[PDB]
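Student: Structure provided below as structure tokens; questions to follow.
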Amino acid sequence: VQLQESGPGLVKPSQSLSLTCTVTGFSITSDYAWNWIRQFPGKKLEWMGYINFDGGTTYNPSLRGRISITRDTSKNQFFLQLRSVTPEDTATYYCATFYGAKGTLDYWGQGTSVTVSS
Amino acid sequence: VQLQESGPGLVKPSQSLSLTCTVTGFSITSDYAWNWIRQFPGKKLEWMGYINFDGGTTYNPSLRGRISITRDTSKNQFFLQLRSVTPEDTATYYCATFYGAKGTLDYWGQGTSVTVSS
Amino acid sequence: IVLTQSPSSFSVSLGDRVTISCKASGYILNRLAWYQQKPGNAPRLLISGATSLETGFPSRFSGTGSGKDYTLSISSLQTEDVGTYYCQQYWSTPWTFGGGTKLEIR
Amino acid sequence: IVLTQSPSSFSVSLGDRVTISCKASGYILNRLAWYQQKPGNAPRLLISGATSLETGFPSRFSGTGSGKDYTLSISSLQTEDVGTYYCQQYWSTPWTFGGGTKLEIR
Amino acid sequence: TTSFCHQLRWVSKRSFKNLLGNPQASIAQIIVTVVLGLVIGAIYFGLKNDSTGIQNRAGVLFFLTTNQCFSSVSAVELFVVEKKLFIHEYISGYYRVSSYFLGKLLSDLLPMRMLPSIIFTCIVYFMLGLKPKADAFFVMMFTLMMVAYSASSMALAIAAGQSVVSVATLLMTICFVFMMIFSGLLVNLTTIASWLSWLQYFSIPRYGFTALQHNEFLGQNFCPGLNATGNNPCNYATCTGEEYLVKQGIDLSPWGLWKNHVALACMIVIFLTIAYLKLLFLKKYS
Amino acid sequence: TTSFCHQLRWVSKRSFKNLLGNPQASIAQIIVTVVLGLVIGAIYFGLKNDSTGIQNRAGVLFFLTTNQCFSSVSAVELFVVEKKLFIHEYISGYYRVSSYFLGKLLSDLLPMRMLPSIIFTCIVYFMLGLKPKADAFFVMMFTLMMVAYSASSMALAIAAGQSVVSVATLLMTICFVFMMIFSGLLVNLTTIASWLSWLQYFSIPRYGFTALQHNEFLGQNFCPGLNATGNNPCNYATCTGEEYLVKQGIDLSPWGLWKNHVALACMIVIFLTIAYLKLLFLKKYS
Ligand SMILES: *[C@@H]1O[C@H](CO)[C@@H](O[C@@H]2O[C@H](CO)[C@@H](O)[C@H](O)[C@H]2NC(C)=O)[C@H](O)[C@H]1NC(C)=O
Ligand SMILES: *[C@@H]1O[C@H](CO)[C@@H](O[C@@H]2O[C@H](CO)[C@@H](O)[C@H](O)[C@H]2NC(C)=O)[C@H](O)[C@H]1NC(C)=O
Numbered sequence: 179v180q181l182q183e184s185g186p187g188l189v190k191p192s193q194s195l196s197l198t199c200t201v202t203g204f205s206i207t208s209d210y211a212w213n214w215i216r217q218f219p220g221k222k223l224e225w226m227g228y229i230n231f232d233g234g235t236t237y238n239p240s241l242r243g244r245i246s247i248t249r250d251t252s253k254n255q256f257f258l259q260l261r262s263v264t265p266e267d268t269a270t271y272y273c274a275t276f277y278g279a280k281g282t283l284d285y286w287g288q289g290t291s292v293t294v295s296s
Numbered sequence: 179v180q181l182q183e184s185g186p187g188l189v190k191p192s193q194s195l196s197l198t199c200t201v202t203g204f205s206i207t208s209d210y211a212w213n214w215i216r217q218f219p220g221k222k223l224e225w226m227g228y229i230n231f232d233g234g235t236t237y238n239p240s241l242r243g244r245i246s247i248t249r250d251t252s253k254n255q256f257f258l259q260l261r262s263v264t265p266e267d268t269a270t271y272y273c274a275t276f277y278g279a280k281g282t283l284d285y286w287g288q289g290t291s292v293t294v295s296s
Numbered sequence: 254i255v256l257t258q259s260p261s262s263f264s265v266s267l268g269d270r271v272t273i274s275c276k277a278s279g280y281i282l283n284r285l286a287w288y289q290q291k292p293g294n295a296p297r298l299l300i301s302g303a304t305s306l307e308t309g310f311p312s313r314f315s316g317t318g319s320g321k322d323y324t325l326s327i328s329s330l331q332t333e334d335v336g337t338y339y340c341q342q343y344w345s346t347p348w349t350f351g352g353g354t355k356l357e358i359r
Numbered sequence: 254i255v256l257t258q259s260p261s262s263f264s265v266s267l268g269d270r271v272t273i274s275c276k277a278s279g280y281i282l283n284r285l286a287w288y289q290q291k292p293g294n295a296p297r298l299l300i301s302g303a304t305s306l307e308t309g310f311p312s313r314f315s316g317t318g319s320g321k322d323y324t325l326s327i328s329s330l331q332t333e334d335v336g337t338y339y340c341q342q343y344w345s346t347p348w349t350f351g352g353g354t355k356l357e358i359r
Numbered sequence: 014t015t016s017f018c019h020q021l022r023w024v025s026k027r028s029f030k031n032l033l034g035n036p037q038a039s040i041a042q043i044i045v046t047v048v049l050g051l052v053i054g055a056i057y058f059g060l061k062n063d064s065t066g067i068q069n070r071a072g073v074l075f076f077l078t079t080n081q082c083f084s085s086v087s088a089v090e091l092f093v094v095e096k097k098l099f100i101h102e103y104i105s106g107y108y109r110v111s112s113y114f115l116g117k118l119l120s121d122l123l124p125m126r127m128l129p130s131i132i133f134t135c136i137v138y139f140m141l142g143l144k145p146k147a148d149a150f151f152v153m154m155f156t157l158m159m160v161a162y163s164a165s166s167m168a169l170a171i172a173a174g175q176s177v178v179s180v181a182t183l184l185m186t187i188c189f190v191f192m193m194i195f196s197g198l199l200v201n202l203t204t205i206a207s208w209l210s211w212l213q214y215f216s217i218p219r220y221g222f223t224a225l226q227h228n229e230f231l232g233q234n235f236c237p238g239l240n241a242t243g244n245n246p247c248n249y250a251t252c253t254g255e256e257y258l259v260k261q262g263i264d265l266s267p268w269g270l271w272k273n274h275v276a277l278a279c280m281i282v283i284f285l286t287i288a289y290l291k292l293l294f295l296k297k298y299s
Numbered sequence: 014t015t016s017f018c019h020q021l022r023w024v025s026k027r028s029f030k031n032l033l034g035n036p037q038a039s040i041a042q043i044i045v046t047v048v049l050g051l052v053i054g055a056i057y058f059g060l061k062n063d064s065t066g067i068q069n070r071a072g073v074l075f076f077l078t079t080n081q082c083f084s085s086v087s088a089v090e091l092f093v094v095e096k097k098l099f100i101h102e103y104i105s106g107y108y109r110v111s112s113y114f115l116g117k118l119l120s121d122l123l124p125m126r127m128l129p130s131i132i133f134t135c136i137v138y139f140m141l142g143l144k145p146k147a148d149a150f151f152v153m154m155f156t157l158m159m160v161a162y163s164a165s166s167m168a169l170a171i172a173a174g175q176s177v178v179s180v181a182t183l184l185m186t187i188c189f190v191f192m193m194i195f196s197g198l199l200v201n202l203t204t205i206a207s208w209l210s211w212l213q214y215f216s217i218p219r220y221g222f223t224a225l226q227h228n229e230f231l232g233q234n235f236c237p238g239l240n241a242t243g244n245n246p247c248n249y250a251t252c253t254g255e256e257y258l259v260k261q262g263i264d265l266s267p268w269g270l271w272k273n274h275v276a277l278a279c280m281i282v283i284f285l286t287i288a289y290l291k292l293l294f295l296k297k298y299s
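Chains as they are written, first to last, in the numbering used here: chain A, 179 to 296; chain B, 179 to 296; chain C, 254 to 359; chain D, 254 to 359; chain E, 14 to 299; chain F, 14 to 299.
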């Protein structure tokens, strides 16, 4: 599977940001569960959340009320929007592809830095 | 895995018969479940029973009280003995190797005809 | 659970599409393997999970069906594919096979 | 469930055996993947199920341990294997990763 | 006297007003099923479709059905308390017995068994997040209705014609536990040995629980990231609602949903017939 | 009078002979737990290690613990029936209150709660085919003992000091169902939301059921042909007893078995202390 996400490289604080991970190779509603993972500046990682193939979603409970992940089945796209951002959320973001029956995040997006700045 | 069973080619009725399937390639207590399958003269098949890796056994409930399957771990052998035979039980016999997580009887012995005859 | 593989014979010429329909007695839910017994050999595994296919086969074999109807379908029936095909549930012990279908050449 | 990957640094020379010990906070029961992040890339999957290994790796990598101690062990530490290695439980959402271990060259 | 209709309307008016006249047994049960519906709404709130979905969805269903069964044990009371008034009112000849029985069944059983069914479905059906379809909500609604009337019908069939509530209460509790075990949850009904697997069919929460998990598992899916249609090297996985149903031993065909209800209504008619024959045979004993 | 020992030996002799003198409440419960032990022996006979093993082994354990819990509801009776004899015998001053309470607890509770535990374990432990080890049989034996004494201790703690058995009986039944839901079977205790997942700890069958499935799943294995140590492309499989325990949320370490028993004995001491303080505070009310 081949993933590529693209969006803005900045957002003002206390707003929303949207990203889109165009998927080529499968269908979003075909098999796997589809996932978003941030990475703080430096080292630390944090799984954010997946929408699976049947549109149900699961979000990291640290990010309550602030993340939403949507699905556009025809273009094989899935979107995050992150509401009420903070310059903490300046982080590298990733879309990654979760197998389920292997359990491990097998495929990953190439990555885009997102900087919340005033 | 490479299986080979060998024993008598005959038994008198109302007795017991023993067969042995020497296994080369795995250990009997290592991974799979290990299985015995007869085949009536002509076409029909009948799964008889498996001892798995941890010595528990499961037998085809048509063959109640009559089959017993034992294990000899050092030589990688597992045995059937069939008690109170009948010339119905004249059949080709097979040892076969059941994967579990694939569910299908993946490997099979080469086969030995067993004829209950007076 | 008894399978019911009907009919037990077909006589279809070479290079054709032939259809075998295994009918369970309960639901077996894609737990249905097809085995391909030659004359004088042990039943080699052909179709696992009722859709997939074990590697080492000419990929002309196609397992379809769900519910209780299952179907092995052979497009371009070759010479090697005459034999006896046994469906086999593995949903629950005991793992009853089918009656088998002896294909024939026209 | 928080992992605890200690320590977060090692400086071991080339061609050696190095040992990384990820320590969970509960039992995670072999649900522990190792990821191998380069400088400037996305975390590529290295060890799945805490024992196995995804194809496309030099097979010098060996995941051991059970209970709560897990351990990636690298025999003959090459040049390509400097990086940052993140253990990651996937026993239950949320899937906390580890703090990562930045290897160094002596 | 009047033939059939005016007397059951009039006696049903009496005991119906008597139920409206008594807020204790009514409103006590109503507040119990409301707050209990809220607590089951809180504990199971937002049923996820993770690995932990199945045993959680099949948990709450096994509660509700079985809840209804012992919520029928209070229905032992309704023919035993007024028994002296029943025999005194029959030796004087106020009514016909079928008019009495069909009248009193209209009075207490038919409305009071409707309320915790519809209250349970309406307040737990959307907290839990079961199937968003409206007809599935209706099948759960009607299913809890029928299992309430049938467990209550068995409570009448055992209860009617006795003077002591307690021995019939213990006897009903013992038969409800022996029907509890033969629901789908607690034994796996498929792997009972055949010489006593036949008595599955005497169990009322198998009918209730089997319907409530027929209409509610059937479209579902329970392993995230695993489509599991034609599932491959996970076998043993139980990653649909179908595989949980068949592995539980339930007819996945749409008739297999409703034969639970025919078995229900058949148990209603037989059990009420047994209570009816007990009334015709004990009416002159007095 | 005598200080401490002769009076509890003598009153314990009285009520102990009174229990030997009454075959009804004793032998009725004994034949119920024997034939019920036989029926659970028949239904679950020869527990297989197939896919259907887990929900069958975790079925019967969830029965037995919960059985013991409501088998403690009869222990509501023992301080409420003799209440007039208790207050009359205290205003005359036959005894000390700690001598009375520790004496009567020796008389009824300590032997009668031993019998269905040891009978259940000895007749269902080998029909079912649980773990052949002798110490595991001992842990099940002692575990059913402790959960019987603790549920009975809660029955005393709520029961003591009242005149009516029935309201305390309904109140105990309501708290036992609200502890039933928080056992491991019926909710998956891990995925309760955190603001009411704290009250797991108030539930007695979580302690009983958690111990009984700690000592009995822990070595097992449940998918035939699948070794499942370092299990690969079955994830989601639940093919050990460990994965069922951790997925259920139970401390797989050996302390996690026995902290259930410390929590048990702590609940025994606290609940009997509450009943003790109720007796010291109501002894002069009379
Ligand atoms: C699971 O994957 C299967 C394919 O293996 C999907 O089933 C088929 O999907 C195609 C297009 O995606 C349809 O044209 C067929 O009609 C589907 N067949 C069946 C039997 O469903 C299926 O859609 C996937 N599951 C989900 C929930 O989307
Ligand atoms: C399951 O397979 C594993 C191997 O993946 C076995 O584990 C090892 O087995 C060898 C010899 O069989 C022993 O020397 C090791 O001590 C075992 N290691 C562990 C961690 O157990 C294991 O024996 C198999 N399971 C069973 C029940 O036999």
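Ideal Cβ placement from N, Cα and C applies to all residues, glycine included.
Along the chain, where does the beta strand (DSSP E) that runs through residue 325 (chain D) open and close?
Tutor: Stepping through the fourth sequence from its first residue, residue 325 (chain D) is reached at position 72. First-last of the beta strand (DSSP E) with residue 325 (chain D): 322 to 327.
Student: Check for me: the alpha helix (DSSP H) holding residue 228 (chain E) runs from which residue to which?
Tutor: Position 215 of the fifth sequence, counting from 1, holds the residue named residue 228 (chain E). Run containing residue 228 (chain E): 227 to 230, per the alpha helix (DSSP H) assignment.
Student: For a contact meaning CB atoms closer than 9 Å, what does residue 233 (chain A) contact in chain F?
Tutor: The residue you call residue 233 (chain A) lines up with position 55 of the first sequence. The premise fails here: residue 233 (chain A) is roughly 20 Å from chain F at the closest Cβ pair, so nothing lies under 9 Å.
Student: Rank B:207, B:265, B:249, B:277 by C-alpha distance to the C-alpha of residue 292 (chain B) and give the top, closest one.
Tutor: Counting from one through the second sequence, the residue named residue 292 (chain B) turns up at place 114. When only C-alpha atoms are compared, the closest one is B:265.
Student: Along chain E, which residues have their Cβ under 9 Å away from the Cβ of residue 209 (chain A)?
Tutor: Along the first sequence, one-based indexing puts residue 209 (chain A) at 31. Those within 9 Å of residue 209 (chain A) in chain E are 238, 239, 240.
Student: Can you pull the chain A residues whose beta carbon is under 7 Å from the beta carbon of residue 247 (chain F), in chain order?
Tutor: To locate residue 247 (chain F), count along the sixth sequence from 1; it is residue 234. Chain A residues near residue 247 (chain F): 279.
Student: Taking residue 5 (chain F) as the query, report the chain D residues whose CB atoms sit under 7 Å from its CB, ordered along the chain.
Tutor: As displayed, chain F neither begins before 14 nor continues past 299, which places residue 5 (chain F) out of reach and without an answer.
Student: Are residue 220 (chain F) and residue 141 (chain F) closer than 7 Å when you measure CB to CB?
Tutor: Numbered from its first residue, the sixth sequence carries residue 220 (chain F) at position 207. Numbered from its first residue, the sixth sequence carries residue 141 (chain F) at position 128. No, the Cβ-Cβ distance between residue 220 (chain F) and residue 141 (chain F) is not below 7 Å.
Student: Taking its Cβ as the centre, do 16 or more other Cβ atoms sit within 10 Å of residue 15 (chain E), making it buried, or is it exposed?
Tutor: Position 2 of the fifth sequence, counted from the start, is the residue given in the question as residue 15 (chain E). With fewer than 16 other Cβ atoms within 10 Å, it is exposed.
Student: Span of the beta strand (DSSP E) holding residue 195 (chain B)?
Tutor: For the purposes of this step, residue 195 (chain B) is taken as the residue at position 17 of the second sequence. Residues 194 to 202.
Student: Going by the beta-carbon positions, is the gap between residue 286 (chain B) and residue 256 (chain B) smaller than 7 Å?
Tutor: Taking the second sequence and counting its residues from 1, the one referred to as residue 286 (chain B) is at position 108. Taking the second sequence and counting its residues from 1, the one referred to as residue 256 (chain B) is at position 78. Cβ distance not < 7 Å, so residue 286 (chain B) and residue 256 (chain B) don't count as in contact.
Student: I want to verify the contact list: residues of chain B whose CB lies under 9 Å from the CB of residue 296 (chain C), in sequence order.
Tutor: Working through the third sequence from its first residue, we reach residue 296 (chain C) at position 43. Near residue 296 (chain C) (Cβ distances below 9 Å), the residues of chain B are 215, 217, 223, 272, 274, 283, 286.
Student: Any heavy atom of ligand 1 closer than 6 Å to the beta-carbon of residue 46 (chain F)?
Tutor: For the purposes of this step, residue 46 (chain F) is identified with residue 33 of the sixth sequence, where counting begins at 1. The answer is no for residue 46 (chain F).
Student: Examine the Cβ distances between the stretch 149 to 162 of chain E and the stretch 60 to 72 of chain E and report whether three or more of them are shorter than 8 Å.
Tutor: Output reads no: the stretch 60 to 72 of chain E does not touch the stretch 149 to 162 of chain E.
Student: Residue 196 (chain A) and residue 259 (chain A): beta carbons closer than 7 Å?
Tutor: For this step, residue 196 (chain A) is matched to residue 18 along the first sequence. For this step, residue 259 (chain A) is matched to residue 81 along the first sequence. The answer is yes: Cβ separation under 7 Å.
Student: What first and last residue would you give for the alpha helix (DSSP H) that runs through residue 69 (chain F)?
Tutor: Translated into positions along the sixth sequence, residue 69 (chain F) becomes position 56. 67 to 83 is the extent of the alpha helix (DSSP H) around residue 69 (chain F).
Student: Do you know offhand how far residue 213 (chain E)'s Cα is from residue 267 (chain A)'s?
Tutor: Along the fifth sequence, read from residue 1 onward, the residue named residue 213 (chain E) stands at position 200. Along the first sequence, read from residue 1 onward, the residue named residue 267 (chain A) stands at position 89. Residue 213 (chain E) and residue 267 (chain A): Cα-Cα distance of roughly 58 Å.
Student: Within 7 Å (strictly less), CB to CB, does residue 62 (chain F) reach chain B?
Tutor: Within the sixth sequence, the letter at position 49 stands for residue 62 (chain F). Interface residue, yes.
Student: Comparing C-alpha positions only, which one of F:242, F:224, F:167 sits nearest to residue 288 (chain F)?
Tutor: Mapped onto the sixth sequence, residue 288 (chain F) falls at position 275. Looking at the Cα atoms, F:167 is the closest of the given residues.
Student: Taking 6 Å as the cut-off, is the CB of residue 232 (chain B) close to at least one heavy atom of ligand 2?
Tutor: Within the second sequence, residue 232 (chain B) is the residue found at index 54, counting from 1. Result yes, Cβ under 6 Å from ligand 2.
Student: Is the stretch 98 to 106 of chain F touching the stretch 220 to 238 of chain E, taking contact as three or more C-beta pairs under 8 Å?
Tutor: As far as the Cβ criterion goes, the stretch 98 to 106 of chain F does not touch the stretch 220 to 238 of chain E, which means the pair count is below three.
Student: When DSSP labels each residue in this structure, what does residue 212 (chain A) get in the three-state scheme?
Tutor: Indexing the first sequence from 1 puts residue 212 (chain A) at position 34. Strand at residue 212 (chain A).
Student: Could you please give me the residues that DSSP links to residue 316 (chain D) through a beta bridge?
Tutor: Position 63 of the fourth sequence holds residue 316 (chain D). Answer is D:325.
Student: Measuring alpha carbon to alpha carbon, tell me which residue in C:359, C:335, C:346 is nearest residue 353 (chain C).
Tutor: In the third sequence, counting from the first residue as 1, residue 353 (chain C) sits at position 100. The shortest Cα separation from residue 353 (chain C) among C:359, C:335, C:346 belongs to C:335.
Student: Measuring only between beta-carbons, confirm whether residue 243 (chain E) sits less than 7 Å from chain C.
Tutor: Position 230 of the fifth sequence, counted from the start, is the residue given in the question as residue 243 (chain E). Output row for residue 243 (chain E): interface = yes.
Student: Do you know whose CA, among C:269, C:321, C:298, lies nearest residue 337 (chain C)'s CA?
Tutor: The residue labelled residue 337 (chain C) in the question sits at position 84 within the third sequence. Answer by Cα proximity: C:298.
Student: Measuring only from the beta carbon, is residue 240 (chain F) closer than 6 Å to any heavy atom that is part of ligand 2?
Tutor: Indexing the sixth sequence from 1 puts residue 240 (chain F) at position 227. Indeed, a heavy atom of ligand 2 lies less than 6 Å from the Cβ.
Student: From this set, B:215, B:204, B:185, B:277, which residue's C-alpha is nearest residue 238 (chain B)'s C-alpha?
Tutor: The sequence position of residue 238 (chain B) within the second sequence is 60, counting from 1. For residue 238 (chain B), the nearest C-alpha among the options comes from B:215.
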